[PDB]
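Take a look at the structure tokens below, where one protein chain is shown in two forms, each on its own, as structure 1 and structure 2.
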Structure 1
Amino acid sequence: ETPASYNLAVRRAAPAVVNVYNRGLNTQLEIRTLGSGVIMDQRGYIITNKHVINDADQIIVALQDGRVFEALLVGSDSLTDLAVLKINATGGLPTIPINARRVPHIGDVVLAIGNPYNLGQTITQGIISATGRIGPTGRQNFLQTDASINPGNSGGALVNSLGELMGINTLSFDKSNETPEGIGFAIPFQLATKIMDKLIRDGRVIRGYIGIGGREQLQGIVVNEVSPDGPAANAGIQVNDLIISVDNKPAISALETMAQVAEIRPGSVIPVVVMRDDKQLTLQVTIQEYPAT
């Protein structure tokens, strides 16, 4: 007779969850912000929230086995509130279980591993409240969860009963009207990984940019705004016109497209077919790089 337990996922994933400390020196060293981190690979690279290590003079990463390192900011993305830290480990490193094929379903039991209020590594249990949750940028595409999330869980791991990483705890719903209960958000591992591999490889996230604002007869993304001196404006794209296709790919979803654009190497001239006056217009556009925050 064994008690129902998620200790398995705990022993599997908890080790790979670290305590990330941001400290600054003031007229000496003191912690200005603390959160959590998730060791993804053996190389020592760690994913965390950018808002955890912002303006960090020194980033201290504390593991559960006692070891304490000095993290190296590999890069950060304010667009997805993500950041990667590097740590040189001569000894073996615990990694987070990752299943790229795993599709998180609503209702899956999840565990939130982090360091709430610097009490130590806390494991809270909940489920996946929802998926594909945005919030305006729409880049975050959060997974909602009712697993107890608190200040110190940011950058922490959200794993299932198998210990497999599901997301990176980033947000707790704070909006009144009272105090929101059991509503937290996390970056899907699919996105967290995509950003990590890109931060390590480029020192930052490099995104294509058409300088267009639009929201999804023919089916296409409608343009609402056109960034001045932006690739769109330059090419001759207008707000009212409807984008049928982008770079030889159907503009079926405003969100799946913006992801396709972000993958275009800046400096690339791509076709963008639109619809003005019920007439198809093919406009060649030059991809810039996404403007700095």
Structure 2
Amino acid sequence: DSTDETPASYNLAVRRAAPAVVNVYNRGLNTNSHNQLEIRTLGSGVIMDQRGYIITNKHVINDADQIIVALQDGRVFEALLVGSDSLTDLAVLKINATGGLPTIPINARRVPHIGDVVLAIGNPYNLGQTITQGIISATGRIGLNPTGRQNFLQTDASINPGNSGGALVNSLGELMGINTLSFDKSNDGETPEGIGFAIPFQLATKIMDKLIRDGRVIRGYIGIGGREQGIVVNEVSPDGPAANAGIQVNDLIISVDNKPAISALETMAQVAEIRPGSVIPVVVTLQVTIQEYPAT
């Protein structure tokens, strides 16, 4: 056999997306360091737009004395922490570049489907930009933690330490999500294989926009945590807007703010959207003024 044939390849996706994916270094001083910077943690980051805003995980840049960003083209920048959000484990970095910057392809009209071929781009173990290939295993995953939803994309594209904050793209090179977490829980002590999670791009975008506009993400906070037709109240926070509304533990809640309350997650999402300081109707009819979510 002779070959004028063309090898099956995802190089096109690689060429479109990889340049925008950067190596992120969290450097910190040590009592050991004696005035010398050392790497606390390392991960990846995605260049969202030509202004030089970069998405990455919050745990990658946490407690950093200095943040270094390295492009694949060789350029190195010191990075400015625009803001972070523990809840989505996201963070925005700013680098200033007079010269042109590569950006990650984004198609906001694109709908990620289960079975879509995807590439994970990142910096595993600081070996240099690695490309691994998998599919979208699932969508709307809550992750390993039972609480907090977060609509994770699940992928079997190989993910390792250093991949955090990196990009997940399809064969077209479009951004699917931000690689964040790898499943490690063991039943019988075995090691989970091909189970990793990414923040969906749509969510990543919204969070980035809010961090660029304000130093933090702002959510309306009732003050009360409860477990689920209706939703009962399991705990009212001490000295809470809650307590100030004088809410009573356990009163079932049928609906809120001109809307029904069957799913708690749907309800909390609604609560988050609402501006802090606003007062709304609740069905158990007691008035309460929301305060912005307590910082974490």
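Just so we're on the same page, rigid core means the largest C-alpha set that superposes within 1.5 Å between forms. Throughout, residue numbering runs from 1 along the sequence of structure 1.
- Compared between structures 1 and 2 on the core, the listed residues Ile243, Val61, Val52, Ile39 keep their C-alpha shifts below 2 Å, save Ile243.
- Annotation: rigid-body hinge motion between structures 1 and 2, rotation of the minor part against the major part equal to 13 degrees.
- In this core superposition, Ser253 moves its Cα by 4.2 Å between structures 1 and 2.
- Superposed on the core, the two forms differ at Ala186, whose C-alpha moves 0.2 Å between structures 1 and 2.
- Per-residue C-alpha deviation between structures 1 and 2, core superposed: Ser268, 1.8 Å.
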